[PDB]
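Q: Quick one, query-v5.pdb (PDB, C-alpha atoms and all ligand atoms):
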```pdb
ATOM      1  CA  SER G  12     -77.563  31.783   4.471  1.00  0.00           C
ATOM      2  CA  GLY G  13     -74.252  31.374   2.656  1.00  0.00           C
ATOM      3  CA  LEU G  14     -71.995  32.448   5.516  1.00  0.00           C
ATOM      4  CA  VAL G  15     -71.277  29.956   8.303  1.00  0.00           C
ATOM      5  CA  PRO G  16     -71.022  31.457  11.820  1.00  0.00           C
ATOM      6  CA  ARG G  17     -68.312  29.698  13.778  1.00  0.00           C
ATOM      7  CA  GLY G  18     -70.682  28.789  16.608  1.00  0.00           C
ATOM      8  CA  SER G  19     -72.956  26.802  14.307  1.00  0.00           C
ATOM      9  CA  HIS G  20     -72.819  23.167  13.115  1.00  0.00           C
ATOM     10  CA  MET G  21     -73.555  23.229   9.402  1.00  0.00           C
ATOM     11  CA  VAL G  22     -73.872  19.814   7.736  1.00  0.00           C
ATOM     12  CA  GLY G  23     -73.720  19.284   3.978  1.00  0.00           C
ATOM     13  CA  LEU G  24     -73.830  16.130   1.880  1.00  0.00           C
ATOM     14  CA  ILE G  25     -71.778  15.782  -1.310  1.00  0.00           C
ATOM     15  CA  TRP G  26     -72.090  12.858  -3.746  1.00  0.00           C
ATOM     16  CA  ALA G  27     -71.896  11.823  -7.397  1.00  0.00           C
ATOM     17  CA  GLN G  28     -74.616   9.581  -8.871  1.00  0.00           C
ATOM     18  CA  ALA G  29     -75.576   8.007 -12.137  1.00  0.00           C
ATOM     19  CA  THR G  30     -78.977   9.058 -13.476  1.00  0.00           C
ATOM     20  CA  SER G  31     -80.422   5.930 -11.822  1.00  0.00           C
ATOM     21  CA  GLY G  32     -79.241   7.048  -8.372  1.00  0.00           C
ATOM     22  CA  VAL G  33     -76.455   4.462  -8.150  1.00  0.00           C
ATOM     23  CA  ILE G  34     -73.466   5.824  -6.229  1.00  0.00           C
ATOM     24  CA  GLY G  35     -71.476   2.651  -5.465  1.00  0.00           C
ATOM     25  CA  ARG G  36     -71.120  -0.978  -6.479  1.00  0.00           C
ATOM     26  CA  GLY G  37     -68.769  -3.685  -5.233  1.00  0.00           C
ATOM     27  CA  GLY G  38     -66.818  -1.317  -2.990  1.00  0.00           C
ATOM     28  CA  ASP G  39     -66.063   1.205  -5.746  1.00  0.00           C
ATOM     29  CA  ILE G  40     -67.682   3.968  -7.779  1.00  0.00           C
ATOM     30  CA  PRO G  41     -68.630   2.455 -11.184  1.00  0.00           C
ATOM     31  CA  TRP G  42     -67.328   5.378 -13.291  1.00  0.00           C
ATOM     32  CA  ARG G  43     -64.584   7.998 -13.259  1.00  0.00           C
ATOM     33  CA  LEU G  44     -65.128  11.703 -13.975  1.00  0.00           C
ATOM     34  CA  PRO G  45     -62.184  14.117 -13.530  1.00  0.00           C
ATOM     35  CA  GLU G  46     -64.460  17.158 -13.312  1.00  0.00           C
ATOM     36  CA  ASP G  47     -66.263  15.532 -10.387  1.00  0.00           C
ATOM     37  CA  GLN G  48     -62.984  14.814  -8.597  1.00  0.00           C
ATOM     38  CA  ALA G  49     -61.967  18.468  -8.981  1.00  0.00           C
ATOM     39  CA  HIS G  50     -65.396  19.705  -7.845  1.00  0.00           C
ATOM     40  CA  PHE G  51     -65.347  17.449  -4.767  1.00  0.00           C
ATOM     41  CA  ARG G  52     -61.933  18.803  -3.765  1.00  0.00           C
ATOM     42  CA  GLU G  53     -62.986  22.422  -4.291  1.00  0.00           C
ATOM     43  CA  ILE G  54     -66.045  22.077  -2.076  1.00  0.00           C
ATOM     44  CA  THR G  55     -64.541  20.027   0.736  1.00  0.00           C
ATOM     45  CA  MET G  56     -61.026  21.476   1.096  1.00  0.00           C
ATOM     46  CA  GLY G  57     -60.303  23.013   4.486  1.00  0.00           C
ATOM     47  CA  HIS G  58     -63.358  21.474   6.179  1.00  0.00           C
ATOM     48  CA  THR G  59     -64.103  18.356   8.186  1.00  0.00           C
ATOM     49  CA  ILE G  60     -65.145  15.348   6.101  1.00  0.00           C
ATOM     50  CA  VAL G  61     -67.223  12.532   7.575  1.00  0.00           C
ATOM     51  CA  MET G  62     -67.419   9.125   5.895  1.00  0.00           C
ATOM     52  CA  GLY G  63     -68.712   5.661   6.626  1.00  0.00           C
ATOM     53  CA  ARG G  64     -66.229   2.894   7.341  1.00  0.00           C
ATOM     54  CA  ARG G  65     -66.881   1.233   3.955  1.00  0.00           C
ATOM     55  CA  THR G  66     -66.025   4.488   2.157  1.00  0.00           C
ATOM     56  CA  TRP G  67     -62.755   4.669   4.106  1.00  0.00           C
ATOM     57  CA  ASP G  68     -62.089   1.079   2.986  1.00  0.00           C
ATOM     58  CA  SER G  69     -62.739   2.124  -0.636  1.00  0.00           C
ATOM     59  CA  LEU G  70     -59.903   4.666  -0.583  1.00  0.00           C
ATOM     60  CA  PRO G  71     -56.434   3.291  -1.422  1.00  0.00           C
ATOM     61  CA  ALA G  72     -54.328   2.994   1.721  1.00  0.00           C
ATOM     62  CA  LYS G  73     -51.678   5.268   0.225  1.00  0.00           C
ATOM     63  CA  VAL G  74     -54.120   8.145  -0.296  1.00  0.00           C
ATOM     64  CA  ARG G  75     -55.975   8.182   2.995  1.00  0.00           C
ATOM     65  CA  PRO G  76     -56.534  10.208   5.094  1.00  0.00           C
ATOM     66  CA  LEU G  77     -57.514  12.721   2.441  1.00  0.00           C
ATOM     67  CA  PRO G  78     -55.204  15.763   2.646  1.00  0.00           C
ATOM     68  CA  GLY G  79     -56.219  19.263   3.669  1.00  0.00           C
ATOM     69  CA  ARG G  80     -59.320  18.104   5.564  1.00  0.00           C
ATOM     70  CA  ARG G  81     -59.992  16.653   9.009  1.00  0.00           C
ATOM     71  CA  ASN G  82     -60.988  13.013   8.304  1.00  0.00           C
ATOM     72  CA  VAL G  83     -63.646  11.388  10.531  1.00  0.00           C
ATOM     73  CA  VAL G  84     -64.823   7.791   9.982  1.00  0.00           C
ATOM     74  CA  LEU G  85     -68.037   6.271  11.366  1.00  0.00           C
ATOM     75  CA  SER G  86     -67.938   2.677  12.630  1.00  0.00           C
ATOM     76  CA  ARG G  87     -69.818   0.621  15.212  1.00  0.00           C
ATOM     77  CA  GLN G  88     -66.865  -1.781  15.549  1.00  0.00           C
ATOM     78  CA  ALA G  89     -64.794  -1.036  18.645  1.00  0.00           C
ATOM     79  CA  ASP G  90     -61.681  -2.522  17.002  1.00  0.00           C
ATOM     80  CA  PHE G  91     -61.888  -0.726  13.642  1.00  0.00           C
ATOM     81  CA  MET G  92     -58.999   1.745  13.316  1.00  0.00           C
ATOM     82  CA  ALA G  93     -58.312   4.351  10.603  1.00  0.00           C
ATOM     83  CA  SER G  94     -54.616   5.295  10.569  1.00  0.00           C
ATOM     84  CA  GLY G  95     -54.257   9.074  10.374  1.00  0.00           C
ATOM     85  CA  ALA G  96     -57.944   9.740  11.090  1.00  0.00           C
ATOM     86  CA  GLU G  97     -60.479   9.644  13.911  1.00  0.00           C
ATOM     87  CA  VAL G  98     -63.052   6.827  14.215  1.00  0.00           C
ATOM     88  CA  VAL G  99     -66.289   7.667  16.050  1.00  0.00           C
ATOM     89  CA  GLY G 100     -69.393   5.627  16.776  1.00  0.00           C
ATOM     90  CA  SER G 101     -72.118   8.136  15.951  1.00  0.00           C
ATOM     91  CA  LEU G 102     -72.890  11.139  13.829  1.00  0.00           C
ATOM     92  CA  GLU G 103     -73.419  13.147  17.021  1.00  0.00           C
ATOM     93  CA  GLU G 104     -69.772  12.595  17.965  1.00  0.00           C
ATOM     94  CA  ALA G 105     -68.625  13.424  14.421  1.00  0.00           C
ATOM     95  CA  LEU G 106     -70.419  16.785  14.028  1.00  0.00           C
ATOM     96  CA  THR G 107     -68.284  19.007  16.255  1.00  0.00           C
ATOM     97  CA  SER G 108     -66.871  21.342  13.578  1.00  0.00           C
ATOM     98  CA  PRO G 109     -68.607  24.476  12.275  1.00  0.00           C
ATOM     99  CA  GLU G 110     -68.683  23.069   8.713  1.00  0.00           C
ATOM    100  CA  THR G 111     -68.876  19.352   7.968  1.00  0.00           C
ATOM    101  CA  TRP G 112     -69.168  17.617   4.606  1.00  0.00           C
ATOM    102  CA  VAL G 113     -70.550  14.083   4.673  1.00  0.00           C
ATOM    103  CA  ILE G 114     -68.758  12.355   1.784  1.00  0.00           C
ATOM    104  CA  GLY G 115     -70.553   8.986   1.746  1.00  0.00           C
ATOM    105  CA  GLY G 116     -71.512   6.353   1.415  1.00  0.00           C
ATOM    106  CA  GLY G 117     -75.127   5.309   1.021  1.00  0.00           C
ATOM    107  CA  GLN G 118     -75.711   4.335   4.650  1.00  0.00           C
ATOM    108  CA  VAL G 119     -74.101   7.496   6.001  1.00  0.00           C
ATOM    109  CA  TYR G 120     -75.996   9.823   3.634  1.00  0.00           C
ATOM    110  CA  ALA G 121     -79.288   8.381   4.899  1.00  0.00           C
ATOM    111  CA  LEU G 122     -78.097   8.698   8.509  1.00  0.00           C
ATOM    112  CA  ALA G 123     -76.994  12.323   8.105  1.00  0.00           C
ATOM    113  CA  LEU G 124     -79.882  13.644   5.984  1.00  0.00           C
ATOM    114  CA  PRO G 125     -82.052  14.739   8.973  1.00  0.00           C
ATOM    115  CA  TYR G 126     -79.279  17.119  10.100  1.00  0.00           C
ATOM    116  CA  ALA G 127     -78.232  18.404   6.659  1.00  0.00           C
ATOM    117  CA  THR G 128     -79.089  21.789   5.155  1.00  0.00           C
ATOM    118  CA  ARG G 129     -77.088  21.546   1.897  1.00  0.00           C
ATOM    119  CA  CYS G 130     -76.525  18.880  -0.763  1.00  0.00           C
ATOM    120  CA  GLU G 131     -74.049  19.183  -3.645  1.00  0.00           C
ATOM    121  CA  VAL G 132     -74.705  16.574  -6.340  1.00  0.00           C
ATOM    122  CA  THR G 133     -72.894  15.586  -9.509  1.00  0.00           C
ATOM    123  CA  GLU G 134     -75.077  13.567 -11.860  1.00  0.00           C
ATOM    124  CA  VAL G 135     -73.340  11.505 -14.543  1.00  0.00           C
ATOM    125  CA  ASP G 136     -75.287  10.584 -17.695  1.00  0.00           C
ATOM    126  CA  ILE G 137     -74.109   6.975 -17.690  1.00  0.00           C
ATOM    127  CA  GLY G 138     -76.716   4.253 -18.094  1.00  0.00           C
ATOM    128  CA  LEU G 139     -76.128   2.119 -14.998  1.00  0.00           C
ATOM    129  CA  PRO G 140     -79.274   0.409 -13.701  1.00  0.00           C
ATOM    130  CA  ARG G 141     -79.747  -0.263 -10.020  1.00  0.00           C
ATOM    131  CA  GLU G 142     -78.693  -3.737  -8.930  1.00  0.00           C
ATOM    132  CA  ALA G 143     -79.196  -5.512  -5.624  1.00  0.00           C
ATOM    133  CA  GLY G 144     -76.588  -4.433  -3.102  1.00  0.00           C
ATOM    134  CA  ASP G 145     -75.727  -1.146  -4.823  1.00  0.00           C
ATOM    135  CA  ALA G 146     -75.222   1.913  -2.690  1.00  0.00           C
ATOM    136  CA  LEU G 147     -77.730   4.599  -3.664  1.00  0.00           C
ATOM    137  CA  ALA G 148     -78.098   8.352  -3.316  1.00  0.00           C
ATOM    138  CA  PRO G 149     -80.486   9.622  -0.639  1.00  0.00           C
ATOM    139  CA  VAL G 150     -83.911  10.718  -1.794  1.00  0.00           C
ATOM    140  CA  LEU G 151     -84.763  14.381  -1.132  1.00  0.00           C
ATOM    141  CA  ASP G 152     -88.279  15.358  -0.040  1.00  0.00           C
ATOM    142  CA  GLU G 153     -90.096  18.647  -0.709  1.00  0.00           C
ATOM    143  CA  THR G 154     -88.425  20.419   2.227  1.00  0.00           C
ATOM    144  CA  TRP G 155     -85.405  20.647  -0.076  1.00  0.00           C
ATOM    145  CA  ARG G 156     -85.142  23.328  -2.753  1.00  0.00           C
ATOM    146  CA  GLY G 157     -82.791  22.691  -5.633  1.00  0.00           C
ATOM    147  CA  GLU G 158     -80.986  24.293  -8.533  1.00  0.00           C
ATOM    148  CA  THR G 159     -80.142  22.064 -11.504  1.00  0.00           C
ATOM    149  CA  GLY G 160     -77.355  22.962 -13.894  1.00  0.00           C
ATOM    150  CA  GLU G 161     -77.495  22.392 -17.627  1.00  0.00           C
ATOM    151  CA  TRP G 162     -75.836  19.280 -19.018  1.00  0.00           C
ATOM    152  CA  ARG G 163     -72.074  19.750 -19.458  1.00  0.00           C
ATOM    153  CA  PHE G 164     -69.595  17.497 -21.251  1.00  0.00           C
ATOM    154  CA  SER G 165     -66.536  15.939 -19.618  1.00  0.00           C
ATOM    155  CA  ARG G 166     -63.131  15.493 -21.211  1.00  0.00           C
ATOM    156  CA  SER G 167     -63.837  11.792 -20.558  1.00  0.00           C
ATOM    157  CA  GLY G 168     -66.784  11.913 -22.986  1.00  0.00           C
ATOM    158  CA  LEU G 169     -69.629  11.643 -20.454  1.00  0.00           C
ATOM    159  CA  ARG G 170     -72.341  14.227 -19.953  1.00  0.00           C
ATOM    160  CA  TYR G 171     -72.744  15.436 -16.381  1.00  0.00           C
ATOM    161  CA  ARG G 172     -74.599  18.132 -14.476  1.00  0.00           C
ATOM    162  CA  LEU G 173     -74.412  19.701 -11.028  1.00  0.00           C
ATOM    163  CA  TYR G 174     -77.235  20.212  -8.531  1.00  0.00           C
ATOM    164  CA  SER G 175     -77.228  22.338  -5.389  1.00  0.00           C
ATOM    165  CA  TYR G 176     -79.950  21.768  -2.791  1.00  0.00           C
ATOM    166  CA  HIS G 177     -80.694  23.698   0.394  1.00  0.00           C
ATOM    167  CA  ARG G 178     -83.158  23.767   3.258  1.00  0.00           C
ATOM    168  CA  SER G 179     -83.582  25.661   6.521  1.00  0.00           C
TER     169      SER G 179
HETATM  170  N1  LIG G 201     -70.468   8.204  -5.722  1.00  0.00           N
HETATM  171  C1  LIG G 201     -70.139   8.797  -4.567  1.00  0.00           C
HETATM  172  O1  LIG G 201     -70.267  10.010  -4.385  1.00  0.00           O
HETATM  173  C2  LIG G 201     -69.656   7.933  -3.441  1.00  0.00           C
HETATM  174  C3  LIG G 201     -69.166   8.516  -2.272  1.00  0.00           C
HETATM  175  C4  LIG G 201     -68.715   7.715  -1.238  1.00  0.00           C
HETATM  176  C5  LIG G 201     -68.760   6.352  -1.370  1.00  0.00           C
HETATM  177  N2  LIG G 201     -69.244   5.806  -2.504  1.00  0.00           N
HETATM  178  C6  LIG G 201     -69.429   4.298  -2.641  1.00  0.00           C
HETATM  179  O2  LIG G 201     -70.461   3.899  -1.776  1.00  0.00           O
HETATM  180  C7  LIG G 201     -70.167   2.577  -1.258  1.00  0.00           C
HETATM  181  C8  LIG G 201     -70.092   2.597   0.246  1.00  0.00           C
HETATM  182  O3  LIG G 201     -71.393   2.933   0.760  1.00  0.00           O
HETATM  183  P1  LIG G 201     -72.096   1.986   1.822  1.00  0.00           P
HETATM  184  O4  LIG G 201     -73.483   2.482   1.968  1.00  0.00           O
HETATM  185  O5  LIG G 201     -71.872   0.569   1.455  1.00  0.00           O
HETATM  186  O6  LIG G 201     -71.265   2.271   3.162  1.00  0.00           O
HETATM  187  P2  LIG G 201     -70.840   3.570   3.985  1.00  0.00           P
HETATM  188  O7  LIG G 201     -72.029   4.427   4.202  1.00  0.00           O
HETATM  189  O8  LIG G 201     -69.648   4.220   3.339  1.00  0.00           O
HETATM  190  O9  LIG G 201     -70.306   2.895   5.320  1.00  0.00           O
HETATM  191  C9  LIG G 201     -71.222   2.071   6.069  1.00  0.00           C
HETATM  192  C10 LIG G 201     -70.588   1.791   7.402  1.00  0.00           C
HETATM  193  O10 LIG G 201     -70.649   2.973   8.228  1.00  0.00           O
HETATM  194  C11 LIG G 201     -70.828   2.589   9.577  1.00  0.00           C
HETATM  195  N3  LIG G 201     -72.087   3.129  10.064  1.00  0.00           N
HETATM  196  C12 LIG G 201     -73.306   3.175   9.435  1.00  0.00           C
HETATM  197  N4  LIG G 201     -74.273   3.654  10.179  1.00  0.00           N
HETATM  198  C13 LIG G 201     -73.646   3.951  11.380  1.00  0.00           C
HETATM  199  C14 LIG G 201     -74.116   4.504  12.585  1.00  0.00           C
HETATM  200  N5  LIG G 201     -75.395   4.816  12.814  1.00  0.00           N
HETATM  201  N6  LIG G 201     -73.220   4.704  13.576  1.00  0.00           N
HETATM  202  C15 LIG G 201     -71.944   4.358  13.369  1.00  0.00           C
HETATM  203  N7  LIG G 201     -71.392   3.814  12.286  1.00  0.00           N
HETATM  204  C16 LIG G 201     -72.299   3.640  11.320  1.00  0.00           C
HETATM  205  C17 LIG G 201     -70.772   1.066   9.601  1.00  0.00           C
HETATM  206  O11 LIG G 201     -69.408   0.669   9.843  1.00  0.00           O
HETATM  207  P3  LIG G 201     -69.079  -0.721  10.603  1.00  0.00           P
HETATM  208  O12 LIG G 201     -69.583  -1.847   9.680  1.00  0.00           O
HETATM  209  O13 LIG G 201     -67.581  -0.723  10.722  1.00  0.00           O
HETATM  210  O14 LIG G 201     -69.823  -0.686  11.944  1.00  0.00           O
HETATM  211  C18 LIG G 201     -71.278   0.698   8.211  1.00  0.00           C
HETATM  212  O15 LIG G 201     -70.864  -0.583   7.757  1.00  0.00           O
HETATM  213  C19 LIG G 201     -68.880   2.142  -1.951  1.00  0.00           C
HETATM  214  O16 LIG G 201     -69.209   1.484  -3.168  1.00  0.00           O
HETATM  215  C20 LIG G 201     -68.205   3.476  -2.251  1.00  0.00           C
HETATM  216  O17 LIG G 201     -67.275   3.377  -3.328  1.00  0.00           O
HETATM  217  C21 LIG G 201     -69.669   6.557  -3.536  1.00  0.00           C
HETATM  218  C1  LIG G 202     -64.626  11.920  -6.137  1.00  0.00           C
HETATM  219  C2  LIG G 202     -65.833  11.012  -5.803  1.00  0.00           C
HETATM  220  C3  LIG G 202     -66.877  11.803  -5.052  1.00  0.00           C
HETATM  221  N1  LIG G 202     -67.496  12.781  -5.731  1.00  0.00           N
HETATM  222  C4  LIG G 202     -68.423  13.514  -5.118  1.00  0.00           C
HETATM  223  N2  LIG G 202     -69.015  14.502  -5.827  1.00  0.00           N
HETATM  224  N3  LIG G 202     -68.798  13.332  -3.848  1.00  0.00           N
HETATM  225  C5  LIG G 202     -68.195  12.356  -3.164  1.00  0.00           C
HETATM  226  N4  LIG G 202     -68.568  12.158  -1.887  1.00  0.00           N
HETATM  227  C6  LIG G 202     -67.199  11.548  -3.756  1.00  0.00           C
HETATM  228  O1  LIG G 202     -66.600  10.535  -3.016  1.00  0.00           O
HETATM  229  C7  LIG G 202     -65.377  10.907  -2.304  1.00  0.00           C
HETATM  230  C8  LIG G 202     -64.752   9.608  -1.782  1.00  0.00           C
HETATM  231  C9  LIG G 202     -64.345   8.643  -2.899  1.00  0.00           C
HETATM  232  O2  LIG G 202     -63.250   9.278  -3.575  1.00  0.00           O
HETATM  233  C10 LIG G 202     -62.863   8.872  -4.838  1.00  0.00           C
HETATM  234  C11 LIG G 202     -63.391   7.740  -5.422  1.00  0.00           C
HETATM  235  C12 LIG G 202     -62.999   7.354  -6.705  1.00  0.00           C
HETATM  236  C13 LIG G 202     -62.083   8.120  -7.383  1.00  0.00           C
HETATM  237  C14 LIG G 202     -61.554   9.263  -6.801  1.00  0.00           C
HETATM  238  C15 LIG G 202     -61.928   9.677  -5.526  1.00  0.00           C
HETATM  239  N5  LIG G 202     -61.384  10.805  -4.926  1.00  0.00           N
HETATM  240  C16 LIG G 202     -60.835  11.901  -5.751  1.00  0.00           C
HETATM  241  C17 LIG G 202     -60.582  13.158  -4.906  1.00  0.00           C
HETATM  242  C18 LIG G 202     -59.699  12.840  -3.691  1.00  0.00           C
HETATM  243  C19 LIG G 202     -59.517  14.067  -2.742  1.00  0.00           C
HETATM  244  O3  LIG G 202     -60.483  14.850  -2.697  1.00  0.00           O
HETATM  245  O4  LIG G 202     -58.437  14.099  -2.114  1.00  0.00           O
HETATM  246  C20 LIG G 202     -60.284  11.703  -2.863  1.00  0.00           C
HETATM  247  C21 LIG G 202     -60.523  10.499  -3.770  1.00  0.00           C
END
```
Starting from the file, give its structure as structure tokens.

A:
Amino acid sequence: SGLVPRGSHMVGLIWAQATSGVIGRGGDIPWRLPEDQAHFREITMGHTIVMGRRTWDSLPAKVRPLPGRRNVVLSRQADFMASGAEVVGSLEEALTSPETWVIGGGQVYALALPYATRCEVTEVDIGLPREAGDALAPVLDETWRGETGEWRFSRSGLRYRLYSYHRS
């Protein structure tokens, strides 16, 4: 289950959420957590990362494409271009690698969920209620089985915990 044969197409989702399920607001993530940034890099490095066009927009121009990973951006706009990366019009076109991490945002998590067999979640204990127009984490049905870590404490003074979910 843990090994990925090279002829397969494994799809995982990775996200960080507040306890309310908020993942994004106003084109940004409404907190910063260094431990989550390190965790995201550790999981995704060396693999293909797939993101929605609005998540590409949310990365500073100087930092994208993200290093050490093949960057794929989803857009329906025939004139949207992502310098340094590949833009495709569907998840089917994006999922050609043996191991793909979908890195957001809310629309693309919902789109990719039917094909995903792993989710890696960071939950931040920050009280941020859901507001209209927020991007939200996908909801996971009972086909998913999860492990929840104990609450840990960030150098930034926020509690956080990690979840790992899997399905067949
Ligand atoms: N906390 C986290 O872990 C995390 C991670 C990533 C992002 N974020 C945040 O989440 C927010 C962005 O999320 P979002 O839901 O607004 O947008 P998104 O999922 O990042 O991108 C949505 C865009 O993807 C394209 N798209 C969607 N469905 C498609 C399909 N079926 N085929 C092809 N292209 C498709 C469209 O691009 P076009 O409009 O160009 O057609 C659409 O506008 C930001 O606030 C960002 O900072 C948070
Ligand atoms: C790190 C945020 C994050 N967390 C988990 N758990 N899942 C995700 N999908 C996810 O969003 C990745 C795309 C947005 O990124 C950022 C947003 C705000 C601050 C920092 C970052 N990043 C730090 C690492 C860097 C890199 O890895 O090069 C890319 C930029």

Q: When you draw a straight line from CA of residue 25 in chain G to CA of residue 132 in chain G, how long is it in Å?

A: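 Between these atoms lies a distance of 5.9 Å.
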
Q: Tell me which protein, DNA and RNA residues are within 9 Å of residue 102 in chain G, counting all atoms listed in the file, leaving out same-chain ones fewer than 2 positions away, and put them as a PDB file with C-alpha atoms, in the frame of the given file.

A:
```pdb
ATOM      1  CA  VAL G  61     -67.223  12.532   7.575  1.00  0.00           C
ATOM      2  CA  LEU G  85     -68.037   6.271  11.366  1.00  0.00           C
ATOM      3  CA  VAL G  99     -66.289   7.667  16.050  1.00  0.00           C
ATOM      4  CA  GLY G 100     -69.393   5.627  16.776  1.00  0.00           C
ATOM      5  CA  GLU G 104     -69.772  12.595  17.965  1.00  0.00           C
ATOM      6  CA  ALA G 105     -68.625  13.424  14.421  1.00  0.00           C
ATOM      7  CA  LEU G 106     -70.419  16.785  14.028  1.00  0.00           C
ATOM      8  CA  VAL G 119     -74.101   7.496   6.001  1.00  0.00           C
ATOM      9  CA  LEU G 122     -78.097   8.698   8.509  1.00  0.00           C
ATOM     10  CA  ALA G 123     -76.994  12.323   8.105  1.00  0.00           C
TER      11      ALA G 123
END
```

Q: When you draw a straight line from CA of residue 172 in chain G to atom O3 of ligand LIG 202 (chain G), how long is it in Å?

A: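 Separation between CA of residue 172 in chain G and atom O3 of ligand LIG 202 (chain G): 18.7 Å.
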
Q: Please return as JSON, numbers by chain the residues found within 9 Å of ligand LIG 202 (chain G), counting only C-alpha atoms and all ligand atoms.

A: {"G": [24, 25, 26, 27, 28, 34, 39, 40, 41, 42, 43, 44, 45, 46, 47, 48, 49, 50, 51, 52, 53, 54, 55, 56, 62, 66, 67, 69, 70, 71, 74, 75, 76, 77, 78, 79, 80, 112, 113, 114, 115, 116, 131, 132, 133, 134]}

Q: Taking the file as I've supplied it (selection: the PyMOL selection byres (((chain G and resi 149-162) around 9) and not hetatm)), which residues are included? Please answer as a list in words.

A: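 After applying the PyMOL selection byres (((chain G and resi 149-162) around 9) and not hetatm), what remains is residues 32, 117, 118, 120, 121, 124, 128, 129, 130, 136, 147, 148, 163, 164, 170, 171, 172, 173, 174, 175, 176, 177, 178 and 179 of chain G.
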
Q: Could you give me the centre and size, in Å to one decimal, of an axis-aligned box around all listed atoms of ligand LIG 201 (chain G) with 4 Å added on every side, as JSON?

A:
```
{"center_x": -71.3, "center_y": 4.1, "center_z": 3.9, "size_x": 16.1, "size_y": 19.9, "size_z": 27.3}
```

Q: Kindly give the distance, in Å, that separates atom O14 of ligand LIG 201 (chain G) and CA of residue 83 in chain G, rounded to a single decimal.

A: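 These two atoms are separated by 13.6 Å.
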
Q: Spell out the residues picked by the PyMOL selection byres (((chain G and resi 88) around 10) and not hetatm) here, as a PyMOL selection string.

A: chain G and resi 64+85-87+89-92+98-100

Q: Apply the PyMOL selection byres (((chain G and resi 18) around 12) and not hetatm) to the file shown and report the selected residues as a compact mmCIF listing (two decimals) with C-alpha atoms, in the frame of the given file.

A:
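expr.txt, written as the output of this step:
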```txt
# COMPACT_ATOMS: atom_id res chain seq x y z
CA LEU G 14 -72.00 32.45 5.52
CA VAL G 15 -71.28 29.96 8.30
CA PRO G 16 -71.02 31.46 11.82
CA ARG G 17 -68.31 29.70 13.78
CA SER G 19 -72.96 26.80 14.31
CA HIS G 20 -72.82 23.17 13.12
CA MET G 21 -73.56 23.23 9.40
CA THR G 107 -68.28 19.01 16.26
CA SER G 108 -66.87 21.34 13.58
CA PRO G 109 -68.61 24.48 12.28
CA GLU G 110 -68.68 23.07 8.71
```

Q: Of the residues G:31, G:94, G:111, G:12, which is the one nearest to residue 126 in chain G, using all atoms listed in the file?

A: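 Nearest candidate to residue 126 in chain G out of G:31, G:94, G:111, G:12: G:111.
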
Q: Given the choices G:73, G:35, G:127, G:138, which gets closest to ligand LIG 201 (chain G) if the distance is worked out from all atoms listed in the file?

A: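 Using all atoms listed in the file, the shortest distance to ligand LIG 201 (chain G) belongs to G:35.
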
Q: Go through G:33, G:95, G:167, G:141 and flag the residue nearest ligand LIG 201 (chain G), using all atoms listed in the file for the distances.

A: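 Smallest distance to ligand LIG 201 (chain G) is found for G:33.
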
Q: Of the residues G:65, G:97, G:72, G:135, which is the one nearest to ligand LIG 201 (chain G), using all atoms listed in the file?

A: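 Checking each candidate against ligand LIG 201 (chain G), we get G:65 as the closest.
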
Q: For ligand LIG 201 (chain G), which residue out of G:139, G:22, G:146, G:169 is the nearest one, using all atoms listed in the file?

A: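 Using all atoms listed in the file, the shortest distance to ligand LIG 201 (chain G) belongs to G:146.
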
Q: For ligand LIG 201 (chain G), which residue among G:165, G:60, G:125, G:36 is the nearest when counting all atoms listed in the file?

A: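 Nearest candidate to ligand LIG 201 (chain G) out of G:165, G:60, G:125, G:36: G:36.
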